[PDB]
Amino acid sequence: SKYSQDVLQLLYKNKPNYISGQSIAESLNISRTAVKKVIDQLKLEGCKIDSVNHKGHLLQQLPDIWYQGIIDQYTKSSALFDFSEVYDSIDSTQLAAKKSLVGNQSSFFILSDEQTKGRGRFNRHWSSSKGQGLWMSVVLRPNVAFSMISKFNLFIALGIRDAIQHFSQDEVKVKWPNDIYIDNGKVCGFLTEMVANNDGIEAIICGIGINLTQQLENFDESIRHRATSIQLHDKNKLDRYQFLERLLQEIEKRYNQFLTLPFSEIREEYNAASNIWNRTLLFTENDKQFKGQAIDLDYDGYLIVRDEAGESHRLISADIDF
């Protein structure tokens, strides 16, 4: 009802202690009977709440659904994000973020259980099924020149990779510049956009799509051989909250590095984490396509490639297939 999020927030805020119905009733100023109705509704939606007479209620486990009340606890304690917008469905978190940043200097992120019109690089369709992935857009306000956009994309890749790697038994690798893999399966795609002028950056908008709990049968039949999810590499059930918590952790860690470190300081770390070496890569450049081999990521984030004809390229960004 009107108070599901408020009750949920109290149940979460009180872990691991039980909270009595009277206590919830007095803090939301609603009847004992209303409180039980809300608790019954939360359990209906998949919340695991233990209820004990004379003692109260204890949130044990949330379902595979984003709840604004819970996410409000994360932003409350965050030293980076002012707020967040949580939706069950939306056309795109990226479209929503680009609209919400206008006219302010807030830092925030937008979460949606499903996207109706998810878009990747080059306006590609991004599947954003309900209940199976993290579809998030992040808006930050770095006081840096606009050329720094490429460096942000490099620092954030290691952040996303680190959070995923924490939950995966198999190695998680970055595919420069915008994709993350677990073995041969893509588990994440991200992209960094900006609003800027000559005097600097007005906002960074980072759209992050992560496959959390798909089963192989849930991926398309065509892409199934090169698509994976975190759950497919975690012996334990994957918890959306637990993952989001570490993902926000790492984004903040890598965002402070971005502001304080040159790319030289993470470059070596970035190479050990990339899966683009010692292999034929296929490059797309508008109309042209060609094969080549990645030689190095230089000190400035540029990939150095020796193409099939022996010629060299130095690319700030590329469209790479395996």
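Start at 1 and count along the sequence shown; that's the residue number.
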item	value
Greater mean Cα temperature factor according to the PDB record, 232 to 240 or 185 to 193	232 to 240
Higher-B stretch (mean Cα B-factor, as the entry records it), 108 to 116 or 72 to 80	72 to 80
Criterion, highest CA B-factor; candidates, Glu217, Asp91, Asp179, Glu202	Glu217
Residue with maximal Cα B-factor (values as given in the PDB entry) among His166, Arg124, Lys98, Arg141	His166
CA B-factor ranking of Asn198, expressed as a third of its chain	middle
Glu85 by Cα B-factor - lowest, middle or highest third of the modelled chain	lowest
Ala309, C-alpha B-factor rank within chain (lowest, middle or highest third)	highest
Third assignment of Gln5 from its chain's C-alpha B-factors	middle
Third of the chain, ranked by Cα B-factor, where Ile223 sits	highest
